[PDB]
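Residue numbers (the numbering used here): 9 to 66. Yeah, the Cβ is synthetic: ideal placement off N, Cα and C, and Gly gets one too. Here the structure comes first, spelled out in structure tokens, and everything after it is commentary.
Written as structure tokens, this is what we have:
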């Protein structure tokens with residue numbers, strides 16, 4: 009993924025495959041094939057966060 013999304017809420021990772029984000033963060037959308045969990049890159053960290061908690065910038 010190369011597109012960006014905006015974190016709508018803070019989100020602390022709850023499992024090994026998740027990643028933490030803060031509201032306002034601009035993340036790189038890595039994979040949105042799953043309806044519920046999108047893989048994103050926050051700073052230099054990658055992982056899944058709830059899809060509904062981020063908003064595509066496009």
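When you compare only the Cα positions, how much space is there between residue i and residue j?
i: residue 58; j: residue 10; result: 18 Å
i: residue 41; j: residue 31; result: 23 Å
i: residue 51; j: residue 43; result: 23 Å
i: residue 34; j: residue 27; result: 14 Å
i: residue 25; j: residue 55; result: 5 Å
Buried or exposed: which applies to residue i, given that a residue is buried once 16 or more other Cβ atoms fall within 10 Å of its Cβ?
i: residue 47; result: buried
i: residue 15; result: buried
i: residue 19; result: buried
In chain order, each beta strand (DSSP E) run of at least 3 residues that lies wholly inside the stretch 12-64 | 12-15, 34-39, 45-50, 53-58, 62-64
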